[PDB]
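Peer 1: Below you'll find the sequence and an experimental structure to go with it.
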Amino acid sequence: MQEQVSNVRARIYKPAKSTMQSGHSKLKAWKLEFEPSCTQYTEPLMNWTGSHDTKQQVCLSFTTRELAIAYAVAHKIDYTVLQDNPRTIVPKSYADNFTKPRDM
């Protein structure tokens, strides 16, 4: 009882909460991954010496969310934001007080 749609979607993921300025020499915090459309292209040209290059999966890497969402918004694409950790709810507490009369 579902409906078929012919459109792509954007997958945005946020980094993990950690102390910044903890020694970094790169620019990558947010991740982006859009679904396939048609006539996909081949991965970009990459090569390294110190460490063997990995095979990309058409995945994109952004630094600021403004850059990520900007991509989807460019074509009004449905972008989803994923958190690194779950969202816990505050501890449900409750106070209690009583009072009695003052007999002579």
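Peer 2: On my side now, so go ahead. Numbers count the residues shown, from 1 in each chain.

Peer 1: gap between the residue nearest the centre of the chain and residue 21?
Peer 2: Geometric centre of the chain, nearest residue: residue 13, 1.6 Å, by Cα atoms, centre = their mean. Here the criterion is Cβ to Cβ, to the nearest Å. By it, residue 13 lies 22 Å from residue 21. Just so you know, the C-beta spots here come from the backbone N, C-alpha and C atoms, and that holds for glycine as well.

Peer 1: Residue 37 now?
Peer 2: The value you get for residue 37 to residue 21, if Cβ to Cβ is used, is 39 Å.

Peer 1: can you map out the strands along the protein?
Peer 2: 9-13, 30-34, 60-62, 78-82 (DSSP state E).

Peer 1: Save those as a markdown table, and put in distance to residue 93 too.
Peer 2: Below are the strands of the chain laid out as a markdown table (distance: least, Cβ to Cβ, whole Å):
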| stretch | distance to residue 93 |
| --- | --- |
| strand 9-13 | 33 |
| strand 30-34 | 36 |
| strand 60-62 | 40 |
| strand 78-82 | 30 |
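
Peer 1: The ones you listed: which one's closest to residue 48?
Peer 2: strand 60-62 (15.8 Å; Cβ to Cβ).

Peer 1: List the contacts of that closest one.
Peer 2: 28-34, 68, 71 (Cβ atoms under 8 Å, 6 or more residues apart in numbering).
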